[PDB]
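[1] Sequence and experimental coordinates follow.
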Amino acid sequence: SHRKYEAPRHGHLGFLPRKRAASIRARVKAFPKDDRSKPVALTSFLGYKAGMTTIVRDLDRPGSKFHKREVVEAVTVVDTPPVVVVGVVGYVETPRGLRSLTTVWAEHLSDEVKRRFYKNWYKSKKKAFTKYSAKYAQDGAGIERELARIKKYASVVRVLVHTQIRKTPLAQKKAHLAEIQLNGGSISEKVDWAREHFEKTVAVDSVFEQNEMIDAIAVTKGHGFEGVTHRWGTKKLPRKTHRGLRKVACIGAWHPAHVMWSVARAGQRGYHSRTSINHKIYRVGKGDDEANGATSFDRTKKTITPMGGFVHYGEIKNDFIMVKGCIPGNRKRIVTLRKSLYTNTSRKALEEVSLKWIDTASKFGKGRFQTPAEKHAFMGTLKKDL
Amino acid sequence: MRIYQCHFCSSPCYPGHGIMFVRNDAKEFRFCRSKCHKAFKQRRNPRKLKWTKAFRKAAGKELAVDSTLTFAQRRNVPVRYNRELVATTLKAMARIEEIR
Amino acid sequence: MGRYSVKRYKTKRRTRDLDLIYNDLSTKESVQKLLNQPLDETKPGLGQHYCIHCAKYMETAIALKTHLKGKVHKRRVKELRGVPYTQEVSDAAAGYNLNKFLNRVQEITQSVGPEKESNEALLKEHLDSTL
Amino acid sequence: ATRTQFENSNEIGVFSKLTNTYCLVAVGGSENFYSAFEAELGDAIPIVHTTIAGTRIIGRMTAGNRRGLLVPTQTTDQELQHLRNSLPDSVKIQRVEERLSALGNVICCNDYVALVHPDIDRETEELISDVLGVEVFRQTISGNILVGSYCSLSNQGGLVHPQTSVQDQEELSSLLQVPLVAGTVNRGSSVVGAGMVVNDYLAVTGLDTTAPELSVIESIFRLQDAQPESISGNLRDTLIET
Amino acid sequence: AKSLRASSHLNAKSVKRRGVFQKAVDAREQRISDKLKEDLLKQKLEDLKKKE
Amino acid sequence: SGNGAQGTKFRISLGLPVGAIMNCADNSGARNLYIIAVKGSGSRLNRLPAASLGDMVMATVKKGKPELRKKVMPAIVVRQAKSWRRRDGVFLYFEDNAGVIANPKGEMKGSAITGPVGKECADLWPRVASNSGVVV
RNA sequence: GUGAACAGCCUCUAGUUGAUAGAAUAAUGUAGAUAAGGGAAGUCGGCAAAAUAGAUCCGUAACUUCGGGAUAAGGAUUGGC
RNA sequence: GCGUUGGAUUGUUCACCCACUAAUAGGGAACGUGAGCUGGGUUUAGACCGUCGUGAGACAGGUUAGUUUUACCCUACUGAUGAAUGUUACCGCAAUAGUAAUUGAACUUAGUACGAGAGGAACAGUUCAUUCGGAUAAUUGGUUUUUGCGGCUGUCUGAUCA
């Protein structure tokens, strides 16, 4: 026959196979190219996602039907502490791929990155770079050789960094390593930049700024072994069918006598690695700055941390990136923020936002007050106060 | 932005919170939350429900008539925006909350 | 959410409400408009035998005598006693528009109150005579 | 007597308000419709891009004359603040609360005499006479309920929709104290108030409005400087055919 | 209508990248590289305190 | 959108599917309207074409004048009673469903509209905004 | 005891505590439910489920072998002290 | 490469009408598809009618009622672990295989170009929606064994309490 009624396919064949990814930190697959005249610029940055909140905004969008009007929408807040450089890697171009040839480490490392290299910290004698730091004797003389190998060879230079998990209220004590490429020209100026940042921390505003389009990659929300009807979107069989109704009825034909690779079977849902692009930064706040949540309008001293904090997470007393929409991944997980991969063309990637009110009501219930000073004002006084 | 209160709750309703109902008589019923909204559907009486504010102003709780409670009324003439009015209203609203 | 609240209190199956019923008794015109309606074919009592308090059409004139003698209709009389709870009661509780609210409580105590209580006192005399 | 089109609609009184001392325009898209008012009016009166309750239909929500401007309840505080910043102090601007929101369909007026919907409350009827400085009369054009949509006024004259009886015209002109003609605009639209805007020295209408229809409108508002409106008898030859 | 990968729009979009929208990025990559130079100078001042 | 509809129609929730009896608001002489189809709809297997606030749908009169009855004619929805979203921070819903009957140009048929007309419909159709006594 | 009742539900005298168990809560099941707006557009077909129900009072059609139809339809009400 | 529908009568495909839409293109895969379903139809026993037959009975003429069994095995396919490369730990490279976006309107250009006449375009600039896909839970909605709090009926603990 000929199907009698055409319908689009269920599921996207681009994202095959649906399986559990290798680690809770997704690796970045591709970087922005190289603009080799520009100053040295770190391509990406990595932080911890923490909840969601609502933002109203006077929409400065010419041409729309909501020009010069107010728009409420939802944003995510990713906790973004400063990140410190500990290593330099160069890659040689081969006719096989890009082959790494040299790592250089930074003379003394924090307790966190030594915790990344063990799975039993409390038993180990903690001998991680102890024979390596001795190689920074009288003039080093090996590190100056291994730096000069990168200066001669090695068409691209990536920088090992790690986070500052001890500053985050998340209780896990173990930092994540990452590789981030540099985009400054003339690779000697790439590698002399990174040599001057050993044991040295890089802030957040020095990599992003407001009104910028970025893309976040993460590992998305494991749900376990899940049936076809909620996994692919197959229609339910009507009612009281023998042997089930949450399934696919016809799975193949007599020829070919093999189940095809595209017939929506049952299996894993979630905990995949995804890339979602064109996310727009609204606000780059600072941890030392009191009154982050105060706009130019509100004039109320308050921090974006809601009442009783975020749910399942501590407090944002750090630098943060407010970005609109919904980053894939859940709370207290690690995201990686690449920058735009190409020059964006549309007018939406050019508009300057001005936030008019930030919500900070409590997310553990129906939040009706911004600050605890509001609640004690509105309730009046209580028995336990006097 | 118009920080309007709940019709049943008399609690402040921030933008993006609660439901509005529109009667055929075209007055608006903006609600604090789903707790207050389903109490209005069931035709309950906010004079009798003890947790609302309309009970407490009526039944001899928290004071109703005051001098500071008359400042916040409404204005239907838009007084053209001098700065030195607005600079003192920030000193005014900080002071009225200290007295209330 | 439950079974029983969804049965009676959908938006489709909603009665008039306690605000508009108070305004109907507030004047002598709308009392005599609603009692002496023109006959209409869709309506249950063919546009006759209508109770003003409980906005509900009765089939027969005998179905008013049994309706006025009951704990359902005595309930709605006690419900319509005080100030009818507009939006202005809700905003005055927050500390907002007192003199808008204080003038309304002043008028309903002085002016509209005993005029409404006269209009209900003539309904109980009018429904007594026809029945 | 100018033809002007909002984006592709012949309706103008929906999308703009025009009195003797100001003008109000919508903000949609681009400044072609705003430029046509600057072609006629010049710099002599303020012309204001504004929205009413976050909408584009500002000619049917508001109502007013050269003395005052009335906005409905749903006008937000910023948009009420925006009107006073542009317009000078000679205009009174006041938010009015009612049952019915659209004041443009309900209040038709000149600088001197207003007409209202019958169901309007007398607590606003007092406010209309006080703000706008006019008299108020409760009347219906030909038993049609909205006096603002189906009639257009100035101090010069008045225009009504063609369902108006001749007996109804003679009664109603004693109230408004201006001459009255039954007419159509934009090729036979009954809604004559929404199709056009007019004050004492300018009329702006749609592109679909034909040249017999401009002859009626230029006559009754007396738009040239030496028109006593009696040239409608000279223009009766257009009227018998059209 | 025309698809995403048509030759007409991709020739049209290439001109806009030569014009306005690359100037905003090249203005952006100069402001951020300024703050990264002031990231070292704040962190060298705290190293001077321990030199005392 | 289509013909007669000025501007673009934003996304609001789909409340009225095929076979939905809705009240007739104007003074045309009908009592209720029966949706049979929605103009400007999609095409997907086993979906029902669902109307929303401010769409021109074909509607037959079930109860009213016999002149208006038994012929199909367009109708514009003015009240929804499904909760939809305004772009300022509120969800609102009306009390019932309602529609006024129209020509395919987008012009009204009667003189008056009773009850409140939706704000999303009043920006979209100017001839509805001309006859709207009550907006919102 | 509740109630029209040897109904159903709970208890006193009497009897039993037997039916392989322990830990976790994925899919699909079998058994039992609730769902915003629309109300049979689903389907061979309103299959199934929802709705109505006890009781007092008012009220009841075509037809008919004059006995019925009939709880026809339809409408008001129910606690406590 | 990408889409191709919603309904009415029939067990029916087919058939034709109503209606939307950019369009409602044609066909194959045992005239795809039963340890996937349905049992509507077809295909036993019961039974009534019409014709034929002396009669038992015939009619695939018409109409009612009629048992739907099994997967734990190998393989395919969607998922999940793992011995062996001195051990163990982190950061990576990409062979190959898969691939995804899609149509309709709107402002402006313009009532301009074009016309023996009325009527009546597009490219560049810009804003939204329809079908599909991937996520996310701020908000609104739905869900409740948090049996969290409160209430109610019958009963039981002498009553209150619980």
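    Received the coordinates, thanks. Numbering: from 1, shown residues only, chains lettered A, B, ... in the order given.
[2] show me what contacts the residue in chain F positioned nearest to chain C?
    Residue nearest to chain C within chain F (CB to the nearest CB): residue F:81, separated by 5.4 Å. All C-beta spots, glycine's among them, are computed from the backbone N, C-alpha and C. By CB atoms under 8 Å, 6 or more residues apart in numbering or on different chains, the contact set of residue F:81 is C:11, C:12, F:15, F:93, F:94, F:95, F:96, F:97.
[3] Write the ChimeraX selection for whichever of those are buried.
    To isolate the buried members of the contacts of residue F:81 in ChimeraX, using 16 or more other CB atoms under 10 Å in any protein chain shown:
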select /F:15,93,94,95,97
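[4] which among the contacts of residue F:81 gets closest to residue C:121?
    residue F:95 (32.7 Å; CB to CB).
[5] wait, the closest one sits on residue B:25?
    No: using CB atoms under 8 Å, residue F:95 is not in contact with residue B:25, being 9.9 Å away.
[6] before we move on, the earlier item: could you measure the residue of chain F closest to chain C against chain A, distance?
    Going from residue F:81 to chain A by CB to the nearest CB, to the nearest Å gives 23 Å.
[7] To which secondary structure element is that residue assigned?
    Residue F:81 is part of no helix or strand when elements are defined by DSSP states H and E.
[8] Now do the SS call for residue A:279.
    What DSSP: H, G, I helix; E, B strand; the rest coil gives for residue A:279 is strand.
[9] That one touches residue A:212, doesn't it?
    No: in this structure residue A:279 lies outside contact range of residue A:212 using CB under 8 Å: 9.5 Å.
[10] Give me the common contacts of those two.
    With CB under 8 Å, 6+ apart, residue A:279 and residue A:212 have no common neighbours.
[11] So what touches stretch D:25-41?
    Defining contact as CB under 8 Å, 6+ apart, one finds that stretch D:25-41 is touched by A:63, A:65, A:67-68, D:2, D:4-7, D:15-16, D:23, D:47-51, D:56-58, D:202, D:204, F:7.
[12] So which of the residues you listed sit within helices?
    Among the contacts of stretch D:25-41, DSSP state H puts residue D:58 in helices.
[13] Run the contact check for stretch A:269-289 versus RNA strand H.
    Yes: using CB under 7 Å from any atom of the strand, stretch A:269-289 comes into contact with RNA strand H via A:270, A:272, A:274, A:276.
[14] Output these as CSV; include the columns distance to residue D:239.
    Below are those laid out as CSV (distance: CB to CB, whole Å):
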residue, distance to residue D:239
A:270, 76
A:272, 76
A:274, 72
A:276, 67
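[15] ok, of those, which one's closest to chain B?
    residue A:276 (23.4 Å).
[16] Who are the contact partners of the closest residue to chain B within the stretch 101-250 of chain A?
    In the stretch 101-250 of chain A, the residue that lies nearest chain B is residue A:210 (22.0 Å; CB to the nearest CB). For residue A:210, the contact set (CB under 8 Å, 6+ apart) comprises A:281, A:282, A:283, A:284, A:352, A:353.
[17] Give me the spatial nearest neighbour of residue A:363, chain neighbours excluded.
    Ranked by CB to CB, 6 or more residues apart in numbering or on different chains and with sequence neighbours excluded, the top spatial neighbour of residue A:363 is residue A:311, at 5.0 Å.
[18] so which helix or strand takes in the one you found?
    Using DSSP H and E, residue A:311 sits within no helix or strand.
[19] Torsion angles phi and psi at the residue of the stretch 101-250 of chain A closest to chain B?
    Main-chain torsions, residue A:210, degrees, to the nearest 10: phi -70, psi 160.
[20] separation between it and residue A:43?
    From residue A:210 over to residue A:43 the distance is 18 Å, taken as CB to CB, to the nearest Å.
[21] who in chain D is up against chain B?
    Within chain D, the positions adjacent to chain B are D:76-77, D:80-81, D:83-85, D:89, D:93-96, D:99-101 by CB under 8 Å from any CB of the partner chain.
[22] farthest-separated two in those residues?
    Farthest-apart pair in the residues of chain D next to chain B is D:89 and D:99; separation 30.9 Å (CB to CB).
[23] ok, stretch B:49-69 near RNA strand H or not?
    No: if you take CB under 7 Å from any atom of the strand as the test, stretch B:49-69 misses RNA strand H, and the best it gets is 10.7 Å.
[24] contacts for that stretch?
    A:380, B:8-11, B:39, B:46-48, B:96, B:99-100, C:85, C:89-90, C:92-95, C:98.
[25] what does stretch A:134-142 give?
    Residues outside stretch A:134-142 that contact it (CB under 8 Å, 6+ apart): A:107, A:143.
[26] In it, which of the residues would be classed as buried?
    So for stretch A:134-142, nothing qualifies as buried (16+ other CB under 10 Å).
[27] Convert the C-alpha atoms of it to PDB, please.
    What follows is stretch A:134-142, C-alpha atoms only, in PDB (Å, rounded to 0.1, in the frame of the first residue of the first chain):
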ATOM      1  CA  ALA A 134      61.000  19.700  41.900                       C
ATOM      2  CA  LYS A 135      61.500  20.200  38.100                       C
ATOM      3  CA  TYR A 136      61.100  23.900  38.800                       C
ATOM      4  CA  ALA A 137      64.700  23.900  40.200                       C
ATOM      5  CA  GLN A 138      67.600  26.300  39.600                       C
ATOM      6  CA  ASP A 139      66.200  27.800  36.300                       C
ATOM      7  CA  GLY A 140      63.600  25.100  35.500                       C
ATOM      8  CA  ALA A 141      65.400  24.400  32.200                       C
ATOM      9  CA  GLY A 142      62.800  21.800  31.100                       C
END
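[28] Using PDB, list the CA coordinates for stretch F:18-33.
    Extracted in PDB, the C-alpha atoms of stretch F:18-33 (Å, rounded to 0.1, in the frame of the first residue of the first chain):
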ATOM      1  CA  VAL F  18     -14.500  22.200  15.800                       C
ATOM      2  CA  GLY F  19     -18.000  21.700  16.900                       C
ATOM      3  CA  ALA F  20     -18.100  24.400  19.600                       C
ATOM      4  CA  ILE F  21     -21.400  26.200  20.300                       C
ATOM      5  CA  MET F  22     -20.700  29.800  21.200                       C
ATOM      6  CA  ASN F  23     -23.000  32.700  22.000                       C
ATOM      7  CA  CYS F  24     -23.800  35.400  19.300                       C
ATOM      8  CA  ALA F  25     -22.900  38.700  20.800                       C
ATOM      9  CA  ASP F  26     -24.300  41.300  18.400                       C
ATOM     10  CA  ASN F  27     -27.800  42.400  17.500                       C
ATOM     11  CA  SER F  28     -27.900  40.600  14.100                       C
ATOM     12  CA  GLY F  29     -30.700  38.300  15.100                       C
ATOM     13  CA  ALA F  30     -29.000  35.000  15.900                       C
ATOM     14  CA  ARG F  31     -28.600  33.400  19.300                       C
ATOM     15  CA  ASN F  32     -25.700  31.100  19.000                       C
ATOM     16  CA  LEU F  33     -22.900  30.000  16.500                       C
END
